[PDB]
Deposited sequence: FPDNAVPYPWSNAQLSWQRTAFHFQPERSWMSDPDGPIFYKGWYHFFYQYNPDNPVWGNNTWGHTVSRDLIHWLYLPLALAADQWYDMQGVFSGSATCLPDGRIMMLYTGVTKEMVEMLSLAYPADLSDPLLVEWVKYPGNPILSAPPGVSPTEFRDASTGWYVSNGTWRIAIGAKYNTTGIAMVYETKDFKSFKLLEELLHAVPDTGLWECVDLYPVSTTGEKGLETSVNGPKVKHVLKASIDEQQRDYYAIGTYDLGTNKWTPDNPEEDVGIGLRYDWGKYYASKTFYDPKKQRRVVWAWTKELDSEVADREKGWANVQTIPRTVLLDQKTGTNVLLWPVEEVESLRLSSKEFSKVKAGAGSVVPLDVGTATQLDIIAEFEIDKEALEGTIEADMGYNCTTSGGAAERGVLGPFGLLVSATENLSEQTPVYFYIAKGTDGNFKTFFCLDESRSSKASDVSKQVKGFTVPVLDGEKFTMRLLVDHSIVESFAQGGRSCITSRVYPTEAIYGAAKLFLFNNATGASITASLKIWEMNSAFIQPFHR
């Protein structure tokens, strides 16, 4: 174990990502927009920076960036939720009501669905929450374990007052999504037809089903269906602690979701993010007509270090979700536009040359709170995970940026493109030399990314102390990770352009913004 100093640990706290004042935070819960405020709830341990004693924290903002702490929303305080309050989804009804479904756990570890709602709908801040006196409302059916019956989705409307929700589970090694019908969100009936199932995935947690447009650049309200509408089906794959999605079609008549590509079905195809990114939940934003995705990123250091610093885990910056209309076969994820309100000043680097085996310093001053947009051109089998990262030199890769780096590269975090031979483009993030400390993650993360005719290779990086978020080709591929440098901290952190290819030189242009604090604080 590394002997972390107070100064090394203090630096790890983020400037502009959501995290509570102290302690453990994890899964997103019941995100909504209501009466001028974006609302976010989250799993929270009041006692220690480890998983447990599960309650719901609550925060609000005008803009998805400038968060304000509110009082705890739900506590573990009844027999049916004494071992924790978990994974909630809100359904907002036409009459103005907000119905919050959650999973409560008993002393025996038995999981059951329960209902909560606001004490006062006239309160824009929704400070106080009440539990339905008829709780608990739903226990596991005969085919599903009562200790693994969790995570109701946001509802979608059918007809004649009937709504549907999804609950993920498994049968043996096959992941499944069950559907229940309700008219009041107090009593539920299980449908005979599953929404969908995929063999050899294991348990599906946190199932999400939502419409996306094939024509516009707006998100769609959750109950929208029709001819120019496709549906994303998403599941958190428990055995992998990773989130997978697929694009398909949902039929209200049959209650079946069918994949456009069975080879890329839920759990065996595309991910929202190829890094550390879990329990994602979307909601519809009526203010700017967007669909927004929340997800948490666990610490990648030791539990010993977490207990010493007194906190664990952060949320990514929320992202929009749209269908990629250029390909038709993936989604695009991109940080919400309000993140740009943090941009202080910019510096531009135009047509910088990097020959084979070169490293080029980029003088930006402090390099710990940044938004970076870069484009690369090559002047006139492989797998990120099993590769040697930036050290594995090929004819047409690797090339990209070094973030969280020292002057002499004693520590560095490469984010790069690698073109392999029909050519494939890989986009990867290399943790192998991110820190001199031995008890942190040292993996290479990534995947292929589609690069279309005439397109430059493009990446955007958000750098914020111990979290880095990366985006290729406008969000066709994303990679999120955590870094814990021992030396590349405060003024000692630097930024570089690099090209470790053997048979290509590159030309790059960059624009880099220093980023302000989000000033996350208590509501007054």
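message: Please report every deposited-sequence interval that has no C-alpha in the structure, sorted by position.
response: Several regions go unmodelled: 1-6, 387-397, 439-442, 546.
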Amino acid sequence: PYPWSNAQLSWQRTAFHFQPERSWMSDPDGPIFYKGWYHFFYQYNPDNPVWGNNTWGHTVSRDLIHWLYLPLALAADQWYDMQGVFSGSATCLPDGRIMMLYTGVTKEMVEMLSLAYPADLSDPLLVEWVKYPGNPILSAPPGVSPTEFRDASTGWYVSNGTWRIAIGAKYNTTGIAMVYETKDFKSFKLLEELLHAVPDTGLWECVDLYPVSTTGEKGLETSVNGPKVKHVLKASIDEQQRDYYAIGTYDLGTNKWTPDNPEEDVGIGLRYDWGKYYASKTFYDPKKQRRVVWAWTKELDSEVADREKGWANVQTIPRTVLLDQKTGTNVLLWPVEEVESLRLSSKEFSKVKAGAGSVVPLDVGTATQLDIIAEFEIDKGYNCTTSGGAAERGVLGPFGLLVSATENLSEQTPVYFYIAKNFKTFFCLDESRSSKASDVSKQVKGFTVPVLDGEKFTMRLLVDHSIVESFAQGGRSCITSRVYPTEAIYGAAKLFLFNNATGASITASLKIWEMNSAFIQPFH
From here on, numbers count along this sequence of modelled residues.
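- request: Can you let me know which of the two, 149-157 or 188-196, has the higher average C-alpha B-factor in the entry?
  value: Per the PDB entry, the higher value belongs to 188-196.
task: Tell me which of 346-354 and 308-316 has the higher mean C-alpha B-factor in the deposited entry.
output: On average, C-alpha B-factors are higher across 346-354.
task: Name the residue from 516, 502, 12, 19 with the greatest C-alpha temperature factor listed in the entry.
output: Reading the PDB entry, the winner on C-alpha B-factor is 502.
- request: Pick out which of 333, 138, 362, 402 has the highest C-alpha B-factor in the PDB entry.
  value: The record points to 362.
Residue 470 - which third its CA temperature factor falls in, relative to the rest of the chain: For residue 470, the deposited C-alpha B-factor lands in the lowest third.
- request: Taking the chain's C-alpha temperature factors as the reference, tell me which third residue 131 falls into: lowest, middle or highest.
  value: As the PDB entry reports it, the C-alpha B-factor of residue 131 lands in the middle third of its chain.
field: Where the record places residue 484 (Cα B-factor, split into thirds across the chain)
entry: Its C-alpha B-factor, which the entry lists for residue 484, ranks in the middle third among residues of this chain.
- prompt: Hey, what third does residue 57 fall into on Cα B-factor, ranked over its chain?
  reply: It falls in the bottom third of the chain.
B-factor third for the C-alpha atom of residue 445 within its chain: Its C-alpha B-factor, which the entry lists for residue 445, ranks in the middle third among residues of this chain.
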